[PDB]
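In: Let me see the structure of the following:
(chains A, B, C, D, E, F, G and H, ligands or ions: 19)
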Amino acid sequence: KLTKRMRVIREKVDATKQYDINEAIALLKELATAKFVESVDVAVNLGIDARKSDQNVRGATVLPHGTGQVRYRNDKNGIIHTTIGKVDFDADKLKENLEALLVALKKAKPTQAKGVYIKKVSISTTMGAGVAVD
Amino acid sequence: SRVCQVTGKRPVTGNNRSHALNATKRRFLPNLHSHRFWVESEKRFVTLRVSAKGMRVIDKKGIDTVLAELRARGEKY
Amino acid sequence: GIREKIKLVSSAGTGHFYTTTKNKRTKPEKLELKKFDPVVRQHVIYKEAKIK
RNA sequence: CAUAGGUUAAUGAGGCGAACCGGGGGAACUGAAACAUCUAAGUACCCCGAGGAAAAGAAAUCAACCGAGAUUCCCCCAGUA
RNA sequence: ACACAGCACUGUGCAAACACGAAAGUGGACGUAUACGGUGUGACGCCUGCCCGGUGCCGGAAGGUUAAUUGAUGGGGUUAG
RNA sequence: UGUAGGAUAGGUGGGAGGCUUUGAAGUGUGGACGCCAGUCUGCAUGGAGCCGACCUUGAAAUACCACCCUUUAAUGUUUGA
RNA sequence: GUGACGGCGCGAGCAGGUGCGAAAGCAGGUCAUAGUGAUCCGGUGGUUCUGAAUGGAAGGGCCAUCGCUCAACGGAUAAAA
RNA sequence: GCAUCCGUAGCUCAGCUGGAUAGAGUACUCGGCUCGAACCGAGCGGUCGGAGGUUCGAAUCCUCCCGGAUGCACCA
Ligand SMILES: [Mg+2]
Ligand SMILES: [Mg+2]
Ligand SMILES: [Mg+2]
Ligand SMILES: [Mg+2]
Ligand SMILES: [Mg+2]
Ligand SMILES: [Mg+2]
Ligand SMILES: [Mg+2]
Ligand SMILES: [Mg+2]
Ligand SMILES: [Mg+2]
Ligand SMILES: [Mg+2]
Ligand SMILES: [Mg+2]
Ligand SMILES: [Mg+2]
Ligand SMILES: [Mg+2]
Ligand SMILES: [Mg+2]
Ligand SMILES: [Mg+2]
Ligand SMILES: [Mg+2]
Ligand SMILES: [Mg+2]
Ligand SMILES: [Mg+2]
Ligand SMILES: [Mg+2]
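Out: Numbers count the residues shown, from 1 in each chain, chains lettered A, B, ... in the order given. Ligands and ions are numbered 1, 2, ... in the order given. Let me share the structure:
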């Protein structure tokens, strides 16, 4: 079923287990396998669900590294799909970019929210697999 | 009487406590049961009046070991 | 007695509050008043809240 | 086969006694100006066992950053927490 | 007044119901529904009408509610960092 | 499946890619589900085609890849009836 | 001032911040006198007050405030013909 | 003091099951025919308990209340 291109992607990433930021960003740099330069795609799931009206969050963040001003809005399934920047960005810079996004997200969290604010944090590229961040 | 032959558990007395904290004297008796234990060494069945807690210790201690203590106690199994 | 007691909490975040009553049949809109706050020693706007 | 049982022989125990002691059970009157929780009180009483005493007893104890060093009894701490 | 023979209802299949008993056991009964216990009525004669809403009892079990038990999940306290 | 439709686009992204002897599209009803529209697809079938796709669509499409949800068909497991 | 008391009532003036007036000034609820419930217990918010070895914490204290037709209304008990 | 659920021709209820825009029986009018019975079919009689949140899509989902119910709780 799966072709060699798709099977090597899942061979490089074993998403069944969690990874640390340092390792996760290393995987992202080795996952860049496309004809065109790719963009990091954020895959962060929030324990809070936007099914409650008052718990919706709208925010903005200016990034020095750039992609540098990005916006974000929670969907119905309470998931965050932003972009920290291009894949060619240095690993250390990318870690700062996502970290700045994450701290701004913590400020946006409402008091009414219950449970683990950030249920899961994952990163993926255009054709890359999702690597969890810790 | 209601005495365990292994553990020596005997009836004890306490209080029935209501929602209004009224205290009436009561008794707590052991969960005693007459059981026929198979002792391999004598190839026989020996009947003992044991509590449910005594049954658990028989598995842990072995049927022969408890009887040795019983003879020291002179309980006349 | 059918009028129910309410508490007016200061907006300054000190946690000081006043208590009063309000008529529930009329005046549904929340109660806003400028009252003295002893913690900050200033007159600030007090907002209606729920006694709990 | 054994075992239960049975017959002998050796020792020991049986009962009594004032209080004190340990343990197994355990009230009510009364006080609360009534009365249930509580108090009286683990008292009266009943039962079992032991001794000249009994019981307890050689820290899985206390202290507070200094230390003390089994148990029992008396005076304080204190009618304090 | 009570008892009374008689009458009716009801429980009871016999390790019977029931009763006395912490329990063993005993009575019921060395009886077995033509028996036993309980209740009301009270020979005999003619008869015993209507009400199941209330309170009990009996039958039903789909749904609602609901204990011990199990402990999903969320919230706090503490601190490695 | 709002609709519009390009309509079996659930949403969320990346998304000119897609596509590809590995069998170009592909025939044989393979059936199921589903709007019963349509869709993927069971083994062969033949031999280079295959596809982003403007008015509209919130959006641009079962072209595309990653990530979720829903619907869940089966699968072991763990508790119960 | 008025009460045995618990208590209740009146009050110029002072400090900080206000409102209405150009100002003098007035405003610490309503013309006044009824519109009410002690203590205990529990709940909520605040607080460098306390924190049973120490650092926290629980709990307590203080401040704000909630829950009795306790109407037999100085209220015997949470619970009674 | 919470927890859940219910509210729809005048009435009794489906809720047009959770947004891709109201149904029946009864009440009433007319008609079918017919002395009343008794039968039938049309029509009429509802803005969906009310007010806030979303989205292109809610009487239907979220918040807030109102009334009703069943639960629990309960020792000022
Ligand atoms: Mg007593
Ligand atoms: Mg003697
Ligand atoms: Mg007494
Ligand atoms: Mg008395
Ligand atoms: Mg008395
Ligand atoms: Mg005792
Ligand atoms: Mg008579
Ligand atoms: Mg009669
Ligand atoms: Mg009846
Ligand atoms: Mg009936
Ligand atoms: Mg002025
Ligand atoms: Mg005036
Ligand atoms: Mg401490
Ligand atoms: Mg504290
Ligand atoms: Mg301590
Ligand atoms: Mg406190
Ligand atoms: Mg009085
Ligand atoms: Mg009195
Ligand atoms: Mg009390």
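In: all strands for chain B, in order.
Out: B:12-17, B:23-28, B:32-39, B:44-51 (DSSP state E).
In: what packs against the last one?
Out: Put plainly, it is strand B:44-51. strand B:32-39 (3 or more CB pairs under 8 Å, 6 or more residues apart in numbering or on different chains; DSSP states H and E). All C-beta atoms are positioned from the backbone trio N, CA, C, and that covers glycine.
In: hmm, 10 Å instead?
Out: Packing partners of strand B:44-51 (3 or more CB pairs under 10 Å, 6 or more residues apart in numbering or on different chains; DSSP states H and E): strand B:32-39, helix B:52-61, helix B:63-73.
In: contacting residues around the shortest one?
Out: Which is strand B:32-39. Under the contact criterion CB atoms under 10 Å, 6 or more residues apart in numbering or on different chains, strand B:32-39 has outside partners B:1-6, B:9-11, B:44-52, B:54-55, B:58, B:62-64, B:66-67, B:77.
In: which parts of that strand are buried?
Out: B:32, B:37 (16 or more other CB atoms under 10 Å in any protein chain shown).
In: Do I have it right that residue B:5 meets residue B:75?
Out: Yes. If you go by CB atoms under 10 Å, residue B:5 and residue B:75 touch, sitting 5.6 Å apart.
In: Counting neighbours, go ahead and name the busier of the two.
Out: residue B:5 (21 against 14; other CB atoms under 10 Å in any protein chain shown).
In: Bridged to the closest residue to the more buried one other than its chain neighbours, which residues?
Out: In space, and not counting its chain neighbours, residue B:5 is closest to residue B:48: 5.1 Å by CB to CB, 6 or more residues apart in numbering or on different chains. Beta bridges link residue B:48 to residue B:35, judged by DSSP bridges.
In: what's near enough to touch residue B:48?
Out: Contacts of residue B:48 by CB under 10 Å, 6+ apart are B:4-6, B:33-37, B:54-55, B:58, B:63, B:66-67, B:70, B:75, B:77.
In: separation between the residue lying closest to residue B:31 once chain neighbours are set aside and residue B:36?
Out: Excluding its sequence neighbours, the residue lying closest to residue B:31 (CB to CB, 6+ apart) is residue B:52, at 4.2 Å. Remark: distance between residue B:52 and residue B:36 (CB to CB, to the nearest Å) = 16 Å.
In: My read is that residue A:17 contacts residue A:132, right?
Out: Yes. At 7.9 Å, residue A:17 counts as touching residue A:132 under the criterion of CB under 10 Å.
In: And those two? Which one has more around it.
Out: Comparing residue A:17 with residue A:132 by other CB under 10 Å, the one with more neighbours is residue A:132, at 19 against 6.
In: With adjacent residues omitted, what lies nearest to the more buried one?
Out: Nearest to residue A:132 is residue A:18, by CB to CB, 6+ apart, at 4.6 Å.
In: That neighbour: helix or strand, and which one exactly?
Out: Using DSSP states H and E, residue A:18 sits in no helix or strand.
In: residues contacting it?
Out: Counting by CB under 10 Å, 6+ apart, residue A:18 makes contact with A:24, A:120, A:121, A:122, A:131, A:132, A:133, A:134.
In: Quick one: buried ones out of those residues?
Out: Of the contacts of residue A:18, these count as buried by 16+ other CB under 10 Å: A:24, A:121, A:122, A:131, A:132, A:133.
In: What is the most widely separated pair among the residues you listed?
Out: A:121 and A:131 (9.7 Å; CB to CB).
In: Name the residues contacting each of those two.
Out: Joint contacts of residue A:121 and residue A:131 (CB under 10 Å, 6+ apart) are A:18, A:24, A:43.
In: can you pull the contacts of the second one?
Out: Residue A:24 makes contacts with A:13, A:18, A:91, A:94-95, A:98, A:121-123, A:130-134, as judged by CB under 10 Å, 6+ apart.
In: would you turn the residues you listed into JSON lines with distance to RNA strand F and secondary structure?
Out: Below are those laid out as JSON lines (distance: CB to the nearest atom of the strand, whole Å; DSSP: H, G, I helix; E, B strand; the rest coil):
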{"residue": "A:13", "distance to RNA strand F": "7", "secondary structure": "coil"}
{"residue": "A:18", "distance to RNA strand F": "12", "secondary structure": "coil"}
{"residue": "A:91", "distance to RNA strand F": "19", "secondary structure": "helix"}
{"residue": "A:94", "distance to RNA strand F": "16", "secondary structure": "helix"}
{"residue": "A:95", "distance to RNA strand F": "19", "secondary structure": "helix"}
{"residue": "A:98", "distance to RNA strand F": "15", "secondary structure": "helix"}
{"residue": "A:121", "distance to RNA strand F": "11", "secondary structure": "strand"}
{"residue": "A:122", "distance to RNA strand F": "6", "secondary structure": "strand"}
{"residue": "A:123", "distance to RNA strand F": "9", "secondary structure": "strand"}
{"residue": "A:130", "distance to RNA strand F": "3", "secondary structure": "coil"}
{"residue": "A:131", "distance to RNA strand F": "8", "secondary structure": "strand"}
{"residue": "A:132", "distance to RNA strand F": "9", "secondary structure": "strand"}
{"residue": "A:133", "distance to RNA strand F": "12", "secondary structure": "coil"}
{"residue": "A:134", "distance to RNA strand F": "15", "secondary structure": "coil"}
